[PDB]
Amino acid sequence: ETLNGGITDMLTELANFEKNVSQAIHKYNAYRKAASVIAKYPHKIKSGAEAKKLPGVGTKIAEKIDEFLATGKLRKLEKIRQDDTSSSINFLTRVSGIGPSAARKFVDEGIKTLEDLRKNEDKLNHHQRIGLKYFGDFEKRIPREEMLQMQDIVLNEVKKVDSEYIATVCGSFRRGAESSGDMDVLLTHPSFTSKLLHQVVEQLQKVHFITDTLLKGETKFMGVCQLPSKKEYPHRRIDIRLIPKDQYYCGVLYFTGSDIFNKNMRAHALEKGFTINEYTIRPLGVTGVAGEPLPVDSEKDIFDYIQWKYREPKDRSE
DNA sequence: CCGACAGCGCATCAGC
DNA sequence: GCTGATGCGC
DNA sequence: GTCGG
Ligand code: NA
Ligand code: NA
C-alpha cells in the first residue's frame with residue numbers, strides 16, 4: 001500500500017470520473033484494471049516506462065504516472081476536484097440507485113448535495129430513497145464475523161420454508177475474505193429446472209431480517225437486511241438469486257470468483273475442448289460448435305470435465 | 001485503423 | 001394499455 | 001484507455 005498507493009489512488013479517482021461524469025464505462029474499467037495490476041506489482045514504480053511493461057498500462061497512463069512521480073499530483077485531477085459540477089456528479093453516484101445519468105440530472109437541477117436530495121425525495125424513485133436512507137451504512141464493510149451470523153440466519157430460515165432448498169453464500173466471503181461489501185446468496189430447488197423466491201423473501205421478512213426491498217422478481221431479489229441486536233448493527237445490502245438446479249453449481253462457481261480466476265478457467269476449458277459460462281458447461285465440436293449442456297451435480301464435476309485439479313474457494317484469488 | 005471490453009434481471013422511462 | 005429503450009446494480 | 005485482429 002505504501003509502494004504505489006499514490007498511483008493507485010490516482011487511477012481509481014480517474015476511473016470514477018470517467019464512469020460518473022464522462023459516462024465512459026470502458027475507460028472506467030481501463031483505469032481500474034491498470035490500478036489493479038499496479039497494486040499486485042511488488043515494486044515501487046520509478047517511471048511510466050516501468051509500469052508500461054505491465055498489461056493494462058499503456059502510453060497515456062504511463063504519461064500520467066511520470067507526471068505524478070515528478071510533481072506529486074495530476075493537473076487533470078486537480079482541475080476536476082476543484083470543478084463544482086464534476087465533484088457533485090461524482091459524489092451523488094455514491095448513493096445506491098443514482099447512476100451517472102440521474103446524478104447528471106440532479107446536478108443540472110441544482111441538486112448537488114445529500115441534503116438537497118432529502119429536500120427533493122419526490123424526485124427520487126424507491127431505490128434512490130432507500131439508498132439515501134442507508135447511505136452511510138452501505139459504504140461500511142461487513143466483517144466476516146457478522147457475515148457468518150448473517151449466513152446462519154439465511155440458511156436457517158431458508159430451511160424452515162423447505163428443507164429441499166440449497167443456499168450458498170458466494171462472493172469474496174466464500175473465498176474466505178475478512179470483510180465484504182454485500183451478501184450474495186444463490187438459491188435453488190429440485191422442483192425448479194431449466195414462486196419459490198417469494199416464500200424465502202417473505203420468511204426472511206417474517207423474522208425481520210430483510211427490512212427493505214430494492215427489486216424483486218421470480219429469479220432475482222435485491223434488498224436491505226440487518227442483524228438483530230440485544231448497539232444496533234448497520235443495515236447491509238443482500239442479493240438472492242434463484243438458479244435452476246441443473247445450472248446451480250455453474251452459478252456457484254461463477255459468483256464465487258474471482259473475476260481473474262473465471263477468466264483463467266474459461267481459457268483452460270477452451271484448451272481442453274469445453275466452453276464455460278455462468279449457466280452451463282458445454283463441449284465444443286470439431287468446428288467450434290457447442291453441444292448440449294453437460295450434467296452438473298457438483299462444483300467439482302466442472303473441474304473433472306476440463307481435467308483440472310479441484311481448486312479450493314480460498315485459493316481462487318487468481 | 002478500429003471494434004471489444006460481460007451482460008443479465010428488474011424498475012423506470014419514452015413512444016405508440 | 002403494450003412494447004422497446006434506458007438506467008442501474010452486480 | 002488498452003489490447004489485439
Ligand atoms: Na503495457
Ligand atoms: Na449509485
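Hydrogens, waters and symmetry mates play no part in the numbers below; they use all other heavy atoms, side chains included. Residue numbers start from 1 in every chain, and the chains themselves are labelled A, B, ... in the order their sequence lines are given, proteins ahead of strands.
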Subject >> ring-ring contact (aromatic ring centres under 6.0 Å, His included) involving A/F68 - partner list, sequence neighbours excluded >> reply: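 Here no residue qualifies.
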
Original post:
Can you name the residues that form a side-chain hydrogen bond (donor to acceptor under 3.5 Å, both in side chains) with A/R236, not counting sequence neighbours?
Top reply: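 Residues passing side-chain hydrogen bond (donor to acceptor under 3.5 Å, both in side chains) with A/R236: A/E146.
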
Subject >> Intra- and inter-strand pairs of DNA chain B in dot-bracket (Watson-Crick or G-U wobble, both distances under 3.5 Å; | for another strand) >> reply: |||||.||||||||||

Original post:
Atom CG of A/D239 and atom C1' of B/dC8: how far apart are they, to the nearest Å?
Top reply: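 Rounded to whole Å, this separation is 13 Å.
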
**OP:** Only counting residues at least two apart or in another chain, list the ones meeting ring-ring contact (aromatic ring centres under 6.0 Å, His included) with A/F135.
**Re:**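 For A/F135 the ring-ring contact (aromatic ring centres under 6.0 Å, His included) partners, ignoring immediate neighbours, are A/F91.
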
Original post:
Atom CD of A/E278 and atom P of B/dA6: how far apart are they, to the nearest Å?
Top reply: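 Spelled out: CD on A/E278 to P on B/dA6 is 14 Å.
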
**OP:** Among B/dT12, B/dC10, B/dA6, find the nucleotide with the atom closest to the side chain of A/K220.
**Re:**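 For A/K220, the side-chain atoms sit closest to B/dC10.
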
Subject >> Under the side-chain contact (heavy atoms from CB on, under 4.5 Å) test, residues paired with A/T287 that sit two or more places apart >> reply: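 Testing A/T287 for side-chain contact (heavy atoms from CB on, under 4.5 Å), a comparison that skips the adjacent residues, returns A/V289.
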
**OP:** Could you tell me whether the side chain of A/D239 and the main chain of A/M183 form a donor-acceptor pair under 3.5 Å?
**Re:**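 Between the backbone of A/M183 and the side chain of A/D239 there is no qualifying donor-acceptor contact (under 3.5 Å).
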
Original post:
What is the distance, rounded to the nearest whole Å, between atom CE of A/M222 and atom P of B/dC8?
Top reply: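 Whole-Å distance recorded here is 15 Å.
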
Original post:
Taking atom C1' of D/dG1 as reference, at what distance in whole Å does atom CE of A/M10 sit?
Top reply: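 So the two atoms are 13 Å apart, to the nearest Å.
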
Original post:
Atom CG of A/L215 and atom P of B/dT12: how far apart are they, to the nearest Å?
Top reply: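 Value for this atom pair: 10 Å.
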
Subject >> Residue list, side-chain contact (heavy atoms from CB on, under 4.5 Å) with A/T113, at least two apart or on another chain >> reply: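 Checked A/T113 against side-chain contact (heavy atoms from CB on, under 4.5 Å); matches are A/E115, A/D116.
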
Original post:
5' to 3' on DNA chain C, which nucleotides open and close the contacts with chain A (atom under 4.0 Å from a heavy atom)?
Top reply: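 Going 5' to 3' along DNA chain C, contacts run C/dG7 to C/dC10.
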
Subject >> Interatomic distance, A/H26 NE2 vs B/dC2 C1' [rounded to whole Å] >> reply: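 Spelled out: NE2 on A/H26 to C1' on B/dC2 is 14 Å.
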
**OP:** Starting from P on B/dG9, measure out to CD1 on A/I243 and report it in whole angstrom.
**Re:**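 Roughly 11 Å, once rounded to whole Å.
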
**OP:** Using the P atom as the reference point in each nucleotide, state the distance between B/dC5 and C/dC10 in Å, no decimals.
**Re:**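 One P to the other, the span is 23 Å.
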
Subject >> Smallest separation among heavy atoms of A/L11 and A/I38, with atom names >> reply: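 Of all heavy-atom pairs spanning A/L11 and A/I38, the closest is CD1-CD1, 3.7 Å.
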
Subject >> Summary of ring pair (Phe, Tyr, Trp, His ring centres under 6.0 Å) pairs that have at least one residue in residues 94-127 of chain A, sequence neighbours excluded >> reply: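 Listed once each, the pairs would be none.
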
Original post:
From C1'-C2'-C3'-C4' alone, north or south for the sugar of D/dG1?
Top reply: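 With a negative torsion about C1'-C2'-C3'-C4', the sugar belongs to the south class.
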
Original post:
Using a cut-off of 4.0 Å on non-hydrogen atoms, how would the nucleic acid contact of A/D182 be classed: base, sugar-phosphate, or nothing?
Top reply: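 Counting heavy atoms under 4.0 Å across all strands, the contact made by A/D182 is with sugar-phosphate only.
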
Original post:
With A/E121, which residues qualify under side-chain hydrogen bond (donor to acceptor under 3.5 Å, both in side chains), at least two apart?
Top reply: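 In terms of side-chain hydrogen bond (donor to acceptor under 3.5 Å, both in side chains), with neighbours along the sequence ignored, A/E121 is linked to no residue.
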
Check the interface with nucleotides 3-5 of chain D: list each N/O to N/O pair with the protein under 3.5 Å, or write none.
unit_1 : atom_1 : unit_2 : atom_2 : d
D/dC3  : OP1    : A/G56  : N      : 3.1

Subject >> Adjacent-base stacking, B/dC5/B/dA6, criteria 5.5 angstrom and 30 degrees >> reply: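 No: the six-membered rings of B/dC5 and B/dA6 fail the 5.5 Å and 30° test.
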
**OP:** List for me each residue that meets side-chain contact (heavy atoms from CB on, under 4.5 Å) alongside A/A51, sequence neighbours excluded, and say none if there are none.
**Re:**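 For A/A51, the residues satisfying side-chain contact (heavy atoms from CB on, under 4.5 Å) (neighbours in sequence not counted) are A/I45, A/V57, A/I65.
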
**OP:** Give the rounded distance in Å between these two atoms: CZ of A/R266 and P of B/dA6.
**Re:**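 Between P of B/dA6 and CZ of A/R266: 9 Å.
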
**OP:** With sequence neighbours excluded, tell me which residues meet side-chain hydrogen bond (donor to acceptor under 3.5 Å, both in side chains) with A/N29.
**Re:**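 Only A/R32 meet the side-chain hydrogen bond (donor to acceptor under 3.5 Å, both in side chains) criterion with A/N29.
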
**OP:** First locate atom CG of A/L148, then atom CG of A/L155, and finally report the distance between them rounded to the nearest 0.5 Å.
**Re:**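 Going from the CG atom of A/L148 to the CG atom of A/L155 covers 11.0 Å.
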
